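Here's the structure, in structure tokens; my notes come after.
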Amino acid sequence: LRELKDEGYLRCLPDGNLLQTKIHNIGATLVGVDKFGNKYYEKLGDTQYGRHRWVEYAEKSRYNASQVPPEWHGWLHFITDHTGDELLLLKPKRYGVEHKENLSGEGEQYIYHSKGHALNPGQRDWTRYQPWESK
Amino acid sequence: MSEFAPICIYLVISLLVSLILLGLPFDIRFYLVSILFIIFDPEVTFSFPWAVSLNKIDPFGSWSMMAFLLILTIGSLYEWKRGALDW
Amino acid sequence: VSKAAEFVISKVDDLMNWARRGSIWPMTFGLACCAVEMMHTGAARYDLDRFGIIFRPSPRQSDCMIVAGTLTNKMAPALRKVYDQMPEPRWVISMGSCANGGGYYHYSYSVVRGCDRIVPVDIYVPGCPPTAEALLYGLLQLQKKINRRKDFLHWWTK
Amino acid sequence: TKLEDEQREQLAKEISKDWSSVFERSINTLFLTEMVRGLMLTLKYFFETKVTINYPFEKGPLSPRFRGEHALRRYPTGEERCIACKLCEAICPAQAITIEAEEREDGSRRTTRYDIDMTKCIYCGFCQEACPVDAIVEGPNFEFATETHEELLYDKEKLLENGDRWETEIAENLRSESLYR
Amino acid sequence: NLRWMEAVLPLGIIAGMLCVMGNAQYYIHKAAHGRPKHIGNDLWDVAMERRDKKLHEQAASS
Amino acid sequence: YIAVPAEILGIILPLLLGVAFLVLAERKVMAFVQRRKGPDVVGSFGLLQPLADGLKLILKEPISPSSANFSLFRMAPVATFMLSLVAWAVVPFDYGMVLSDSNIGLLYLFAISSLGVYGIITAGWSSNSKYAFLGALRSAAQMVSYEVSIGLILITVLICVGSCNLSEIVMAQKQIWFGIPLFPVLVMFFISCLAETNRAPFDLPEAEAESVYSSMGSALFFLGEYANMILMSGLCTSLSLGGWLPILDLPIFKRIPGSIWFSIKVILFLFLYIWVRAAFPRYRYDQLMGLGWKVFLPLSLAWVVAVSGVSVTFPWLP
Amino acid sequence: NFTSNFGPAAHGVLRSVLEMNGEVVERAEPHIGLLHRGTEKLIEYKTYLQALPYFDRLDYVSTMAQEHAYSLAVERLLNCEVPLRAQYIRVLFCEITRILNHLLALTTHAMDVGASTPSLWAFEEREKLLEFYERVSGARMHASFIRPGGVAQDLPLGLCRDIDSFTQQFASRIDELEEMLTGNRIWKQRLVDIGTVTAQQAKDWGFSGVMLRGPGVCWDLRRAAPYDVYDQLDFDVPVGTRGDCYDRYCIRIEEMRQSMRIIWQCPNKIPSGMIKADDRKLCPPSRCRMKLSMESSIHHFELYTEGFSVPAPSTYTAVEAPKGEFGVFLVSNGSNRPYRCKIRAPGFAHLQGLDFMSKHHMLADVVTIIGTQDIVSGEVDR
Ligand code: SF4
Ligand code: SF4
Ligand code: SF4
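Quick note, the sequences are listed as chains AL, 3M, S7, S8, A1, 1M and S2, same order.
Under the deposited numbering, the first residue of the first sequence is numbered 21, with each subsequent residue one higher.
Taken in order, the second sequence gives residues 1 to 26, 57 to 117; the numbers are from the deposited numbering.
Under the deposited numbering, the first residue of the third sequence is numbered 56, with each subsequent residue one higher.
Under the deposited numbering, the first residue of the fourth sequence is numbered 42, with each subsequent residue one higher.
Under the deposited numbering, the first residue of the fifth sequence is numbered 2, with each subsequent residue one higher.
Taken in order, the sixth sequence gives residues 2 to 213, 220 to 325; the numbers are from the deposited numbering.
Taken in order, the seventh sequence gives residues 10 to 17, 21 to 394; the numbers are from the deposited numbering.
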């Protein structure tokens, strides 16, 4: 009881949204679970058109959008009703970068910079010539 | 009496709580409307005693009060046709 | 550090930040079409009041300023005078693509190349116009910024 | 204004034909029936369900023909697609692209610098139409709301290359638009 | 289907408060004099209260 | 000796809790009317929204005004606050569950309304700019006109029942609710209560002030306005709908504490306030004062005459 | 006479200055430069296919009638016919745009006057229509979808079914809104006889659209100069009897209903065929041809580098936008850049209107007049 109540249930009391999603869940079914741990549900039926596919982020305190991987992002925004597991069966090989949410606030190094910005360890130089540079 | 003592203690306590809440973060139209109010407000003042005692006065009371109302109503009619309450 | 007192300080900062993030009050600056989309954000679909957000018109009691649209050399002084008249804790959200970085008319006279030059923008947003989802996500990013705002600790160490 | 006096008379001489009409209109304007009708409609909508999409958990509907955070795809072999035609830069209506190329060592031509200062890049779409190899594309991602202008000045192709983190999703869209585009 | 109850609920709190508000003073007075308040005390009842209190104290002392 | 301050505290604090949750429920129910949810993030159901707004307005960096900076600017909001609360003094929540049985309660309520008018006018003029002063004059005129209408309505309900203290009135209603026979009188009294606090269709003074200043000062002012709102609702249900009396008089209703009935009636009237707010456009100022001085004064006076007449011909008058 | 200022809902950025007398607006005058960009200068230092988004940006409520007008101007100057399916879908979306603009203007007017629930219901409907946009092509607003010679991409499948569903539910929604406002004594007494305009001074001050059609004179470009398929699309064209706010409002609702009639007449006649051209010298070739044939690549390259060249003459082209006669004046010469493209948005006429027709009223009536004029400073200033 108290285990899951602390895991992903009692946070709703001061979080609000989680309560609405728990209600949508008691109405819901299950359609997917993604490596970031998060659960995608679909309460298809007489509900509505805008709200019958949604996601519980499985990060109860600091849940933020863009945590969804691309495949489930598609399936969630209704662009294509192909499930995340199918698009991940596709999943281009020979390259690729794992997902990473839009940090943009957790220090510049988790954040990033151009090739001329002083905080970037690169710090290129733009001259389009060379000096004479005697020994 | 002995009820306006609770009233005034309420007054001072409300003063205290309001000060506490305060300290935590640390033309002719208007004139004629006012005159018409000063004239119709004693109307309510006089209607108050007339209201409570319409059982120890027979239709004589009702008729005297209606005559008063009629005089002030002709006053209101003269007010209206002059358009002073037009805005 | 009196580890107990540091824990009490952390909790006080948590409470303060939670209040300031859950009662945020913006202030619209509806220059151009983004205002429309901003209204769509404040509309029924992606409701804003649900996040405790009320478009207070008078700039003497607002918290954020949402520059939604396109600045103009004629309009910069008015925007700066409005920004100055706000209380201390302030934030600025640059909606649209010309309120931040000039955008399209960037290459034209009589346009300020981005409201960053006049007020110190806090979080911008991308868009042309930003989808109401994008604006709401911007405001949630502002919540995530104001959430790492340990302030009482700074005063206890200053 | 003499006619208005004449018009106001006929307009009163017309609706006040019989006694039933005047009585009906009078208690109509005196018992606020239109007020009551409006109130009842409002109360119905109150009892009815809502829309309130509840954003951070169930986002809104989109379409594969969407425009958003740009990306540079690459072939299945890992080989880059862009070939430095300069067509995207030429058709840019906002001139929000800078591109500078050079012959590589192995022989093929590629881009030494490619950047799109995202702000100045209004999201119009012409990019994904000028490209003869589908190099640049607009993936359906609109959540990128950084807190410093420099980010929205997407870097010299590097972050643009990282658009390949959507390479699956984007791919889907392209398939569904190969038919009619 | 009880979506409307989300709106009355805040309003409902008011009800509580008001009730509580009233009850508070009531019970306070009930402990400050030994019996609930009396609405409309004419002079007769005040004289009777004084006389009853004095008589009962005389009986208790004796 | 010490019981009285305890009662006063128990009257004051719950009123502030209730008025905070009043503005919260206001936003919520107007939202539900407009096909949307209200504040639903901070609390479990948005319940922690007013607390959060209060904490924000507390931690907000204050700004002291520059206009008669003492004893005339930092006093008038406190004046209107004190007036609203001291009105809240004499209201019956149950049999004997009052604070003071002031035997002339009605005159008391009427006087306190007029003193609230004083509060708003001095708070308006205490500022520097003059457009706020014109707005203050406008609001004063509106308030006082609809006060004279409220006065005549009070005279009607008083004619129907001899005494003045409110408990006697609610007994008179314990026979049969005065809202039933004098339904148009109730409608007029409710419209006058709407115009008295400038809430639903009569807002052009405030709308113009918003079209053309201390944080805690504005908070105190809005608090006074909404508290006066709850007060008007309360006396409306205390002298035109029964006042802690069960309906249909069946001994299953008599298990409800009575105090619950009063809360249910006042919450219903609050909901009606908020409902009629979000359904109608606003009057102008001209038409506002015109209706005040042309439509409600004559109707109220005629109603006084008519009820006195009907209740003086038959032996129905106590 | 006081000298009051007015710098305010979010009904645009505008600076009214008012010589006042008591509660009478003896003389109102707007300052308008407060949102300027140099759209004409930019267009010139720009092109045709590159300058289409500018027209998309002008009058940012009705976001497609502008591109429709610019495309008509270029075609007229260029002699480039357009296929029937292109014409039909183009009219379909022009009418959807008219409905969009009418919802926004009407219910923002209702908010200025004081109502709010009509605003929110209309904004839900606007969400539906913007979803139609972003499904067909591009973002919600600012869909650069009407190029010279037809459209950019064909429309998807099922869009017509969704159009029909929206048509039915939207007839019902207009009925609800009209029941909510038309007849409410507050609204009637707040709107009627506020801002009368005799047809003489209407034609003098050069009004257009609903404004010109408010008081009497019955003249809209769809019936007078029927640029596009509009003939086969018979409709009604309502006309007001006494030009004022209430009659302009009723005109707006009847225009909504007529636009619904048109939006249904199209998906019953839409002639499934080609779109946008038959010459890969004014319209670029599609992807399969561009990547398989040879001359298709040459033409795509030249057409996305230098665009098409239009000949020497200069023209004027007008379109019945939701506001009024949106005009475009092209002075193109030879080369591919439009020499001196001049805009004629109805904002100028409507603001000078405000000036003269806002006399002897009160400030609430000034707000009402702005509402009924349905101004967009974007297009009034550009
Ligand atoms: S794309 Fe930018 S400049 Fe254009 S209307 Fe939008 S916010 Fe304004
Ligand atoms: S058109 Fe395509 S490959 Fe060619 S230069 Fe541009 S993105 Fe690069
Ligand atoms: S999307 Fe348009 S504005 Fe952005 S660079 Fe590409 S072609 Fe230009």
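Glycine is no exception: its CB is placed at the ideal position from the N, C-alpha and C atoms.
Not one beta carbon of chain 3M lies nearer than 7 Å to the beta carbon of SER150 (chain 1M).
Within the region 68–83 of chain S7, contact with chain 1M at the beta-carbon level (separation under 9 Å) is assigned to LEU70, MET71, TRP73, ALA74, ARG75, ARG76, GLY77, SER78, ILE79 and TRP80. By the C-beta density criterion, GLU148 (chain 1M) is buried, having at least 16 other C-beta atoms within 10 angstroms. At a cut-off of 6 Å, the beta-carbon of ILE132 (chain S8) does not count as near ligand 2: no heavy atom of the ligand is closer than that. Its chain contains no residue whose beta carbon lies nearer than 8 Å to that of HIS93 (chain AL) once the 5 sequence neighbours on both sides are disregarded. Under a criterion of Cβ atoms nearer than 9 Å, the residues of chain 1M adjacent to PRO34 (chain AL) are, in order, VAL43, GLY44, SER45 and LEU49.
With a cut-off of 6 Å, the C-beta of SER149 (chain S7) is classified as distant from ligand 1, since no heavy atom of the ligand falls inside that distance. Given a length threshold of 4 residues, the region 91–129 of chain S8 has no whole run of the alpha helix (DSSP H) inside it. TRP323 (chain 1M) counts as exposed, since fewer than 16 other beta carbons sit within 10 angstroms of its beta carbon. In this structure, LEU100 (chain 1M) and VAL87 (chain 1M) do not form a Cβ contact; the two beta carbons are roughly 10 Å apart against a cut-off of 8 Å. Taking non-hydrogen atoms of ligand 1 into account, the C-beta of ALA87 (chain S7) is found less than 6 Å away from one of them.
About 30 Å separates the Cβ atoms of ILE265 (chain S2) and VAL163 (chain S2), ruling out a contact at the 8 Å cut-off. Residue-level contact check: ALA78 (chain AL) does not touch chain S7, since none of the beta carbons of chain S7 fall below 7 Å from its beta carbon. Counting other Cβ atoms within 10 Å of its Cβ, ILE181 (chain 1M) stays below 16 and is therefore classed as exposed. Residues of chain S2 with a Cβ closer than 8 Å to the Cβ of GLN143 (chain 1M) do not exist, since the nearest Cβ in that chain sits about 14 Å away. Per the Cβ contact rule, the region 104–112 of chain 1M is in contact with the region 158–170 of chain 1M (3 or more Cβ pairs under 8 Å). Segment contact: the region 195–213 of chain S8 against the region 126–134 of chain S8, fewer than three CB-CB distances shorter than 8 Å; contact not assigned.
Following the DSSP letters along the chain, one finds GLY52 (chain AL) inside the beta strand (DSSP E) bounded by residues 52–54. When C-alpha distances from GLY36 (chain AL) are compared across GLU7 (chain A1), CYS20 (chain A1) and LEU19 (chain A1), the shortest belongs to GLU7 (chain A1).
Contacts with chain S8 at 7 Å (Cβ-Cβ) include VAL117 (chain AL). Below the 8 Å Cβ cutoff, chain 1M contributes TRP282, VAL283 and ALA286 as neighbours of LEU80 (chain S8), in chain order. Within the same chain, Cβ atoms closer than 6 Å to the Cβ of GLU128 (chain AL) are found at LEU139, the five residues on either side in sequence being excluded.
For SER212 (chain 1M), the chain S2 residues whose C-beta falls within less than 7 Å of its own C-beta are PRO17, listed in chain order.
Each residue's CA atom was taken as its position, placing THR380 (chain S2) and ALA117 (chain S2) some 12 Å apart. Only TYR192 and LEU195 from the region 162–195 of chain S7 bring a Cβ to less than 8 Å from some Cβ of chain AL. Residue environment: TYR69 (chain AL) is assigned as exposed (fewer than 16 neighbouring CB atoms within 10 Å of its CB, all protein chains considered).
Under the 7 Å criterion on CB atoms, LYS205 (chain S7) is classed as non-interfacial with respect to chain AL. Counting along the chain, no beta strand (DSSP E) covers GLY193 (chain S7); the unbroken alpha helix (DSSP H) around it starts and ends at 187–202. Chain-ordered, the chain 1M residues with CB closer than 8 Å to the CB of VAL92 (chain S8) read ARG36 and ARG37.
A straight-line Cα-Cα distance of about 15 Å links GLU314 (chain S2) and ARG349 (chain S2).
With a beta-carbon spacing of about 3 Å, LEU86 (chain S7) and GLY124 (chain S7) fall inside the 8 Å limit used to define contacts.
At a threshold of 6 Å, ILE387 (chain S2) does not count as near ligand 3, since its beta carbon sits no closer than that to any of the ligand's heavy atoms. In the three-state scheme derived from DSSP, where H, G and I count as helix and E and B as strand, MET32 (chain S2) is classed as strand. Interface residue (Cβ-Cβ distance to chain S7 less than 7 Å): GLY125 (chain AL) is classified as such. Here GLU210 (chain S8) is near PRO90 (chain AL), since their CB atoms are less than 7 Å apart.
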